[PDB]
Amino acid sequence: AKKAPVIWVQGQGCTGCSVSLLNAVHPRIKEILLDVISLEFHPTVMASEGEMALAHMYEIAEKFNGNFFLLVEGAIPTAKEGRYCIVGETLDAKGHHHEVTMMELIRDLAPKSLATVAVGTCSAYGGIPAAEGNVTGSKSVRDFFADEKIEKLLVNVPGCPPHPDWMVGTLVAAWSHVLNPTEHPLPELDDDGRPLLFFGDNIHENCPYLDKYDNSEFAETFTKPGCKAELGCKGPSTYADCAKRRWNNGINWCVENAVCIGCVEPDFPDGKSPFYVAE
């Protein structure tokens, strides 16, 4: 009966995790929003703005204390006292304005949540904003929780972006657990806090090109037949179920089209680069 309350916050994100969620099927996004979750705050799609939006977010975090999921899209920048990501402004009872940093927001909301779900490689692992050359002190949710000594149930759903099936599946499994924990145990997580349900399979071991790989039949260029290894494929070092699930309602996937770039992995992008050089 009751929908899962969700407060969805964005730090150093690109909105691509949200857009990928909008691509969900079985259920589609209309059913997700009307039947599965109560999306209480989401900066990209919600009706209210400014003071009203933030007041609503804080009201839900109070009324549904210990009973909402904090969804985090994007990394948390810690340099310059958090000022590389300002998420809003709060107007106190005297008229003065105060900016809220992503650090402050997460420190505030995470202890109020039932669980935090870091969707996307940025929030889960740091991802592109935390890659070499950045000067923002960009940090993952797990690292920020460790630094802050925040103990709150945390599940990572990585990918850049994650497949909507991974996000929907993980949230539904979490909510089912809360509603009946002994009938629905929490999904088993790997050492990087991501569900084995979606991230237990190695791409390469499950790849339809594996017969070609075994016969040393390698594509000389993108548009030639063969395994993609010499074009830079990171399938050998990447754990996700893309080979089975494919992308965009089964239309295509990275390896058929081009190469896997290892987007779900905690070392994406630096440990997966250069993308077009073999592993």
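Residue positions are given as counts along the sequence shown, with the first one as 1.
- Comparing 36-44 with 222-230, the stretch with the higher mean C-alpha B-factor in the PDB entry is 222-230.
- Looking at 49-57 and 213-221 together, the entry lists the larger mean B-factor for 213-221, computed on C-alpha atoms.
- If you compare the C-alpha temperature factors of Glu73, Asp165, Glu205, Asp143 in the entry, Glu205 comes out highest.
- Ranking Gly88, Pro161, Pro77, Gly126 by Cα temperature factor from the entry places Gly88 first.
- Split the chain's modelled residues into thirds by C-alpha temperature factor. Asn65 is in the highest one.
- When all modelled residues of the chain are sorted by CA temperature factor, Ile7 is found within the lowest third.
- Sort the modelled residues of the chain by CA B factor and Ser138 lands in the middle third.
- Per the deposited record, the Cα B-factor of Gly200 falls in the highest third when ranked against the other modelled residues of its chain.
- Annotation for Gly120: CA B-factor lies in the lowest third of the chain's modelled residues.
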